[PDB]
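Single-structure report; data block below.
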Amino acid sequence: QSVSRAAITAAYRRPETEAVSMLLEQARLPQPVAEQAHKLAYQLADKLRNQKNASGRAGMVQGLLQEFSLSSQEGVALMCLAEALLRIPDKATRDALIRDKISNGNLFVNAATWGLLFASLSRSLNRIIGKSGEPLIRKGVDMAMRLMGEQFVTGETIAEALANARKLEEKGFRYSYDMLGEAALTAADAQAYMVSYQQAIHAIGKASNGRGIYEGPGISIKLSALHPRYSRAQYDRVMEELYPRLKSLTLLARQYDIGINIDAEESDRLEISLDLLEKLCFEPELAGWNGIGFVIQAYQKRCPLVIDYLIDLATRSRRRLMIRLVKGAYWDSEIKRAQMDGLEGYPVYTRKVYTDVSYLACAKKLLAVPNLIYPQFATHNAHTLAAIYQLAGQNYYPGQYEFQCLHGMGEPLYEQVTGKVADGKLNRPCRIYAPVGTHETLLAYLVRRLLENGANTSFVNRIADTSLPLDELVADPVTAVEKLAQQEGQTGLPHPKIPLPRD
Ligand SMILES: Cc1cc2nc3c(=O)[nH]c(=O)nc-3n(C[C@H](O)[C@H](O)[C@H](O)COP(=O)(O)OP(=O)(O)OC[C@H]3O[C@@H](n4cnc5c(N)ncnc54)[C@H](O)[C@@H]3O)c2cc1C
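Note that the sequence shown covers residues 88 to 193, 204 to 215, 226 to 610 in the authors' numbering.
Quick look at the structure:
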């Protein structure tokens, strides 16, 4: 094993106090940069929360919830009457109603819409459940999956989604298309996925039409879709069978000069994906071409060591690697997986703030080597974006880096980001990750979107919480870790509720 590969393996389940301590100074923003990151993070989160004046309207609510000293139920009912009084066409009649008959007695149609500014279903469920059974539960889950999943899908076929590309692409967005589907269980499954990926590359590459890997659209692929039972696949079978499919897809992407990105999945597959990447990078037919993309997950303890490996690989193979830095999508599964195995520790962090610190340290490592790596910073977190904006230094050039976001999640934040400075934008490119597929391929992806959007540690969840002040929402992660350090007695202790798998 090479030097960089060996250091990866040694960091696999490093104790959290040790790994967070090492990361801390690598992630610390210098005082002037930290200041500018704070102001920018604050300003992005302010426009985000207060689009359509959501805070200022809640302000006028509380200011009258006290001025008359009324309840919340007793105050929404006042609006329903106020709305119904504003519907009297003539002010003469409206006022005379208030000064004559508005002290005796008495509609609440829009009490629900007003309540959004200010039970017995368990019975209807118990009745329906035992009556219609498991087939009713299975249909309810399938319906709710499509209903909640619609917002995250750009189209059922690649052609449908490609036809939606111009709107935001003319605004300066880019796209990475994902043919939904993963964890192939049979040879037939992985074959079908292979053909789905090939057809997508032809379609995406004809749409790209020479625009190249930076400005033009790319594709994202999941290795688990290409090999049957990837989760437990032996090394020799993966090289013999998966690798020639990865190679074939990458050659095809090169012919069209489009970016081809290898998504990161569960942590027990990191090692074998590095082996496939190492081989792919030395194919003669790919010499001189920089379209190979690779995702790395900052919630893993190995991420910084993976970066030193990737830096050495780009040098040895004479290319610029497209590296998408993400926090990670499989955190709940990682925790549960590690607890069932009862091993030395976790391969991921157990406090969200540690992942934030890991992401900022890794971002610094990536931005230090623009000749070897084109960093792609995938995030919906206003502070994370603002910190990367400042970390990247003055004198941005389009090929220095890009942001990325998921379809259905990033658009309000990146409306402030991609576009002209004259229109109030930061003028930074963003690549939209665009899932494509029908209902039969949506389940696993929708669930990870639900876990992401529904966690109270997620930025997109906290920002909807108007009782959380903006300064706490965009608080600096290194400073947060040192707060816990001072309160708890040492830096980087595991989450209090997530004991080691052996405890
Ligand atoms: C364009 C794009 C492509 C992506 N591709 C991939 C991919 O190929 N593979 C993949 O795994 N992820 C991928 N992701 C990331 C994943 O899907 C989430 O979108 C991402 O992790 C959210 O980070 P955020 O900075 O927007 O949110 P933030 O809310 O600031 O952070 C949320 C993240 O913190 C982490 N986290 C939550 N709780 C804890 C905890 N208690 N301890 C430690 N860490 C915690 C999780 O990673 C969670 O997603 C991608 C994201 C984007 C935007």
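From the three backbone atoms N, C-alpha and C, an ideal C-beta is built for every residue, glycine too.
{"Check": "Assuming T462 and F280 are in contact, meaning their beta carbons sit under 8 Å apart, how far apart are those beta carbons, in whole angstroms?", "Outcome": "Actually they are not in contact, since the Cβ atoms of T462 and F280 sit about 26 Å apart, beyond 8 Å."}
{"Check": "Let me know the beta strand (DSSP E) ranges lying completely inside the stretch 366-394, each 3 residues or longer, listed in chain order.", "Outcome": "367-369"}
{"Check": "Taking only runs that begin and end inside the stretch 144-193, name each unbroken alpha helix (DSSP H) of 4 or more residues, in chain order.", "Outcome": "160-172 and 178-185"}
{"Check": "From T573 to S142, what does the alpha carbon distance come to, in whole angstroms?", "Outcome": "7 Å"}
{"Check": "Would you list the residues sitting across from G400 in a DSSP beta bridge?", "Outcome": "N368 and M429"}
{"Check": "Rounded C-beta distance between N368 and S327? I'm assuming under 8 Å.", "Outcome": "5 Å"}
{"Check": "Hey, quick one: how far does the alpha helix (DSSP H) through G237 stretch, first residue to last?", "Outcome": "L228 to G256"}
{"Check": "How is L513 classed by DSSP in three states: helix, strand or coil?", "Outcome": "strand"}
{"Check": "If you draw a straight line from the alpha carbon of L172 to that of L165, how long is it in whole angstroms?", "Outcome": "10 Å"}
{"Check": "DSSP has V543 in a bridge; who is on the other side?", "Outcome": "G262 and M286"}
{"Check": "In whole angstroms, what separates the C-alpha of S374 from that of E289?", "Outcome": "15 Å"}
{"Check": "Throw me the rounded Cβ distance for the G312 and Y363 pair, which I believe falls under 8 Å.", "Outcome": "3 Å"}
{"Check": "Looking at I265 and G325, is the spacing between their C-beta atoms short of 8 Å?", "Outcome": "no"}
{"Check": "Below 7 Å CB to CB, which residues in the same chain sit around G162 once its five sequence neighbours on both sides are set aside?", "Outcome": "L152 and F215"}
{"Check": "Is it buried or exposed, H309, if we count other Cβ atoms within 10 angstroms and call 16 or more buried?", "Outcome": "exposed"}
{"Check": "Enumerate, from N- to C-terminal direction, the unbroken beta strand (DSSP E) stretches of 3 or more residues contained entirely within the stretch 446-471.", "Outcome": "none"}
{"Check": "When the Cα atoms are used, what is the spatial distance from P351 to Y437?", "Outcome": "27 Å"}
{"Check": "I need the DSSP call for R609, collapsed to helix, strand or coil.", "Outcome": "coil"}
{"Check": "Provide the residue span of the beta strand (DSSP E) that contains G531, from first to last.", "Outcome": "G531 -> no beta strand (DSSP E), and no H or E assigned at all."}
{"Check": "Quick check on this structure: which residue in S239, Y503, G398 and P606 has the alpha carbon closest to the alpha carbon of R318?", "Outcome": "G398"}
{"Check": "Does the separation of the CB atoms of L450 and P606 fall below 8 Å?", "Outcome": "no"}
{"Check": "Go to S327, then tell me how far its beta strand (DSSP E) extends in each direction, as first and last residue.", "Outcome": "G325 to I328"}
{"Check": "For the beta strand (DSSP E) that contains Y481, what are its first and last residues?", "Outcome": "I480 to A485"}
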